[PDB]
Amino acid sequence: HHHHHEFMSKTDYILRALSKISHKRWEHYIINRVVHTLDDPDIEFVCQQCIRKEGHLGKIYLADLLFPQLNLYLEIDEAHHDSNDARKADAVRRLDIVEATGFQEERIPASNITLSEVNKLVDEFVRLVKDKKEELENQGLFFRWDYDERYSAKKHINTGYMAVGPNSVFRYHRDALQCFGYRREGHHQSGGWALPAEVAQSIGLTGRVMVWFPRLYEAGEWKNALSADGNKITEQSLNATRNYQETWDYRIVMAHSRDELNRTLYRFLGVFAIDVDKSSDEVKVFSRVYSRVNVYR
C-alpha cells in the first residue's frame, strides 16, 4: 500500500523542512519555533518559497514560511536582499515560483532584536495562524493537509476550478489532464493535449483549447522563455520544418518546473493566447488571458 509515484514521505518532508540550512541569523530559529509551538499537523507549511506579489511586476520575493490553506506567508526581513539573490536566481531557473495572489503578508524584522522580542513576535504570528484556521473551519472552508494528494487532480476536481497559486501544481501530465476530461489509464508524454469540444465549452472557454506543457528555456529545437512578470511566453523554433501557424484559441499552460531535489513538476501559469501582431512564423508570443480556469466536472 505504498505510493508508487512518491519520492518523499510526509514525515521526511517535515524533518528536512525544519532542519534546512540557512544564512539568515534568525530564520532556522523562527521557523522551528513557529512550527513546533503551532503543533498542528493538519496545517500545511512550505519553507523558503520564492513568490510573486500582485502588482510588483517582474519582482521576486522570498517567503520564509508560506501557508497554502490560509492565504498567508511570513517574511523574516533581512536588511540585505542582495545575498538572497542566489537562491532567487536558482528558483527562477527551476521555475520554483508561487504567484501569491491573494495572500496576506506578515513580517518579522530579522535585525536589531532580542531573543525575547523574537519569541514575542512569533507567538503573535502563531496565534494569527491559528485564528485564520478557525475563521475558516468556522465557515466550513478548511481542508486538512492531504500530503499524499498534493500533486494530483483531486483537490481541483473537488473545488471546480483552479488558479495560479501554491496548489495548482501537478506531478505528471496526466494529473493535469484529468482536470480536463482525460479519462485514459495511461500516461501522456507529448507537449500538448487537445480538449474535446464538450469540455472546452463546459469549463467556459470558446473555440479550440489545448493544454500545453512547455519547457520555458532553450531545449531541443525550441528556444522558449517566460517574461519577468510571468505574463508573456515567447517561442522560438530552431528548426524550419517545425515552423507552424497557431491554430489554438487558448492554451492552458502547465509549465515544466523543478523542485529543490530537481524532480519535475508542472506548474499552472494560467490561460494564454497568441498575440498575432507580435508574432511570426518563427517566433510566437503568447500573452496571458486568465490566471484561473474551471475544472471539468
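Residue positions are given as counts along the sequence shown, with the first one as 1.
In this entry, the higher average B-factor at the C-alpha atoms falls on 237-245, of the pair 237-245 and 43-51.
Higher average CA B factor: 55-63, of the stretches 55-63 and 33-41. Looking at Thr159, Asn167, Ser202, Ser116, the one whose CA carries the top B-factor in the deposited record is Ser116. The maximum CA B-factor among the listed residues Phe142, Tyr172, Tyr73, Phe213, taken from the PDB record, is found at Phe142.
Ranked by C-alpha B-factor against the other modelled residues of its chain, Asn138 falls in the highest third. When the modelled residues of the chain are ordered by C-alpha B-factor, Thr11 sits in the lowest third. Among all modelled residues in this chain, the alpha-carbon of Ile274 has a temperature factor (C-alpha) in the middle third. Sorting the modelled residues of the chain by their CA temperature factor places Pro109 in the highest third. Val92 sits in the highest third of its chain by CA B factor, as recorded in the PDB entry.
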